[PDB]
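Working notes, beginning with the structure itself.
The analysis underlying the following values was restricted to heavy atoms, covering all of them including side chains, and did not include hydrogens, waters or symmetry mates. Numbered from 1 within each chain, the chains take letters A, B, ... in sequence-line order.
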Amino acid sequence: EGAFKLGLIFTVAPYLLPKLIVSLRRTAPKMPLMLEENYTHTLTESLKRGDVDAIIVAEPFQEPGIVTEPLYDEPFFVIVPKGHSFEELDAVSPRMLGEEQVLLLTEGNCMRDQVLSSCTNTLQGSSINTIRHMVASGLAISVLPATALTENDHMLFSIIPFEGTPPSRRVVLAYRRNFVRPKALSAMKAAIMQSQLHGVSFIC
Amino acid sequence: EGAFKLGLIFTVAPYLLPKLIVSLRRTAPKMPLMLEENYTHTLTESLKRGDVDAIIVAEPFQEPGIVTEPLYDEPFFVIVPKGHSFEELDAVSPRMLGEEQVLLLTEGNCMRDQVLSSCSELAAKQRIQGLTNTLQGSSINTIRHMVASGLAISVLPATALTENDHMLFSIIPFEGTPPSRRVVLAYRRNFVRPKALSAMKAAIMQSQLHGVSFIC
Ligand SMILES: [Cl-]
Ligand SMILES: [Cl-]
C-alpha cells in the first residue's frame, strides 16, 4: 500500500500516535504513514486542499464538504505544584479555579477554548510540554487532557480530578466527503478505535 | 517574583525538562520557571531583547554580547522500521545511508544541518530538489512515528530515545565515532543574576540525563 497522510492536532498527536502505530500494524500492515501535526485551522485548510488525507481534531468542528466520525471523549484533569492546597481535596475541582493562576495553551489550540468554556496577562504556554514543567516548578496550575498524563508523573506535580462530570473534549476523524480510499480510511478509524489509549471513553 | 525565564530548542526541551525540574529542586528549590521552546534563531532574538534570561541551544553558536557554556555532548542514532536490513548489522552506519530514504527535520531545526553535515551523500539529495522535495518532518515526534509506520529511516538525538520503544523501531548505532551535537547554555554577557545562572548550570549538570557525556 501507499502512504496515508494523517494530520493530528498538537495536543493529541504525541500521545495517540505511539498506540496508533501499534494497532495500525494490525489493521494496515503495509500502509506507511505521512504525518503532520498542527493547529486545527491550518489542518482544516490542508485537508481541504487534499494535501492531507485525514485529520484528527476536536469538537466543535463543522466545515462544508467535510465528514467527521467520533473517536473518543477525553476528560480533563487539574494539575498543581507539589504542596498546592488542592492536594488535600479528593476530586474537588469545579470552578474553584477562578481564584487561581491558571496556565492556558496559546491561541490556535482548541484546548484554550474548551477549558475556558468549562469555567492579556493570562499566564499562557505554547504547549503541554512547557505548561506541565512550568507547573511542576511552582509557577502555577493548569488543566490537562487525560491522555497527556503519565502514570509516572506524580513525581512532578499532582493530578486533581474535577468532581462529578469532568470537562472533556471529543476527538474525531475529519475527512473529505469525496475522499476515494475507503479501505485506508476504514482501516484508519479501526486502528484508532482498537488503539487502547488510556484515560478515554471510546464512542461505540 | 523569583521567576527565571528559560528557553530551549524544540529538540531538547521535552527530554531535558523532566530531569532538570528534579535537579532544580535541590539547587534552586524556590525558583519558579517561565519556559519557551522554539527555534534557535527565534530564541536568540528573545534572549537579546531580554524576554528570556538564558537559552539551551547547540553548536555551532556564536553571537556578539552573548556567552555560552557547554553542558553535554549527545550522540545521534539511526532508527529504522522493524525488519529493516540494518537490524542484523553490528553498529554499522557510517554514511552508507546515502542509499536510504532519510527523514530529516524541517528548516529552523539546527538538527537538520547537524545530520546533513555528518553525512554528505545526504546533502547531495538536498542539492538536488531539496528544502521542499526533501523527505522531512517538523518534529522528532512525527518523524519517529513515520519511521515506525514503515515510511523511512531517520537520525535521532540519544535523549529522544525511549529505553522502552524497541516496540516501534530499531535503534542502530553509528560505527566508531558517533556524530554528535553539543548542547550549551547561552545568556547575555552582563546578566545581573549570576547566582540564578549558576544554579541553572548546576541543576543541568546534575540532571542525570541518560545517553550524554557531560563536559567538565
Ligand atoms: Cl503540546
Ligand atoms: Cl536556526
Side-chain angles (χ1 to χ4, degrees), chain A residues 1-24 26-28 31-76 105-118 127-128 144-148 167-197 199-204, chain B residues 137-139 141-142 145-146 149 151:
Chain A
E1 287 182 294
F4 194 84
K5 301 191 185 76
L6 178 49
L8 316 79
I9 60 171
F10 282 126
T11 58
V12 168
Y15 324 123
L16 178 47
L17 281 176
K19 287 147 202 84
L20 194 56
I21 300 298
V22 174
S23 90
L24 203 263
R26 210 101 122 171
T27 290
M31 205 190 54
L33 277 199
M34 285 207 24
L35 297 153
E36 209 63 69
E37 62 176 345
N38 225 126
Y39 301 110
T40 311
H41 30 117
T42 73
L43 247 4
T44 307
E45 301 334 281
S46 176
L47 176 72
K48 285 187 176 180
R49 305 184 311 245
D51 282 8
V52 86
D53 291 326
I55 61 183
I56 284 135
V57 306
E59 248 67 23
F61 185 95
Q62 208 240 323
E63 216 67 272
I66 278 62
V67 177
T68 58
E69 301 178 17
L71 300 158
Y72 51 91
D73 297 298
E74 175 174 13
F76 294 120
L105 301 87
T106 66
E107 40 254 0
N109 284 302
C110 53
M111 266 229 53
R112 180 209 211 85
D113 283 351
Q114 46 204 36
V115 313
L116 132 70
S117 181
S118 266
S127 64
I128 292 169
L144 292 197
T147 73
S168 69
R169 69 179 167 188
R170 178 150 269 171
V171 179
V172 312
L173 189 63
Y175 62 66
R176 279 200 319 286
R177 228 265 197 217
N178 48 62
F179 190 61
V180 283
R181 233 213 295 201
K183 286 178 182 289
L185 192 73
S186 101
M188 171 75 298
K189 190 198 180 180
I192 295 181
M193 237 71 302
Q194 293 144 217
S195 64
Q196 288 177 323
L197 190 59
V200 294
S201 308
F202 287 101
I203 309 291
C204 296
Chain B
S138 56
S139 70
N141 172 37
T142 54
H145 300 296
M146 297 186 201
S149 81
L151 205 287

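Once rounded to the nearest 0.5 Å, the distance linking CG of A/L17 with CG of A/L6 reads 7.0 Å. Taken from CD in A/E63 to CD in A/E45, the straight-line distance is 7.0 Å, to the nearest 0.5 Å. Distance CG/A/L24 to CZ/A/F4: 9.5 Å, rounded to 0.5 Å. The structure places CG of A/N178 at 5.0 Å from CZ of A/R176, a figure rounded to the nearest 0.5 Å. The CG atom of A/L35 lies 6.5 Å from the CG atom of A/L8; values are rounded to the nearest 0.5 Å.
A/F202 has its side chain within reach of A/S195: a pair of non-hydrogen atoms, C-beta onward, lies under 4.5 Å apart. At a threshold of 4.5 Å between non-hydrogen side-chain atoms, the residues A/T40 and A/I9 count as touching. By the 4.5 Å heavy-atom criterion applied to side chains, A/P32 and B/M146 are not counted as neighbours. When side chains are defined from C-beta on, A/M188 does not count as touching A/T27, because their heavy atoms never get closer than 4.5 Å. By the 4.5 Å heavy-atom criterion applied to side chains, A/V57 and A/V172 are counted as neighbours. The closest side-chain heavy-atom distance from A/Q114 to A/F76 is below 4.5 Å. The shortest distance between side-chain heavy atoms of A/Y72 and A/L16 falls below 4.5 Å. A/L20 has its side chain within reach of A/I192: a pair of non-hydrogen atoms, C-beta onward, lies under 4.5 Å apart.
Across A/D53 and A/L47, no two heavy atoms sit closer than the pair O-CD1, 3.4 Å. Closest approach of A/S168 to A/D73, counting heavy atoms only: OG-CB, 4.5 Å. The two residues A/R181 and A/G2 have their closest heavy-atom pair at NH1-O, 2.6 Å. Across all non-hydrogen atoms, the minimal contact from A/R112 to A/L105 is NH1-O, 2.7 Å. Here the closest heavy-atom approach between residue A/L185 and residue A/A54 is recorded as CD1-CB, 4.4 Å. Here the closest heavy-atom approach between residue B/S149 and residue A/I21 is recorded as CB-CD1, 3.7 Å.
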- Item | Chi angles and distances behind the side-chain contact (heavy atoms from CB on, under 4.5 Å) call for A/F10, A/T106 | CA-CA 11 Å; A/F10 282 126; A/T106 66; over 6 Å; no
- Message: side-chain contact (heavy atoms from CB on, under 4.5 Å), that's the test. Do A/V52 and A/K5 meet it? Break it down for me.
- Response: CA-CA 5 Å; A/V52 86; A/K5 301 191 185 76; 4.1 Å; yes
- Does the pair A/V67 and A/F179 meet the rule for a side-chain contact (heavy atoms from CB on, under 4.5 Å), with working shown? CA-CA 10 Å; A/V67 177; A/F179 190 61; over 6 Å; no
- Item | Steps toward side-chain contact (heavy atoms from CB on, under 4.5 Å) verdict (A/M193, A/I203) | CA-CA 9 Å; A/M193 237 71 302; A/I203 309 291; over 6 Å; no
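Judged by distance alone, the side chain of A/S23 and the main-chain N or O of A/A191 form a donor-acceptor pair under 3.5 Å. Between the side chain of A/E69 and the main chain of A/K189, no donor-acceptor pair closer than 3.5 Å is present.
Taking a 6.0 Å sphere around CD of A/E107, one finds it holds more than 12 heavy atoms contributed by other residues, nucleotides or ligands. In A/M31, the CE atom is crowded: over 12 heavy atoms of neighbouring residues, nucleotides or ligands sit closer than 6.0 Å.
Judged purely by distance below 3.5 Å, without hydrogens or angles, the side chains of A/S46 and A/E36 never pair a donor atom with an acceptor atom. Judged purely by distance below 3.5 Å, without hydrogens or angles, the side chains of A/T147 and A/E74 pair a donor atom with an acceptor atom.
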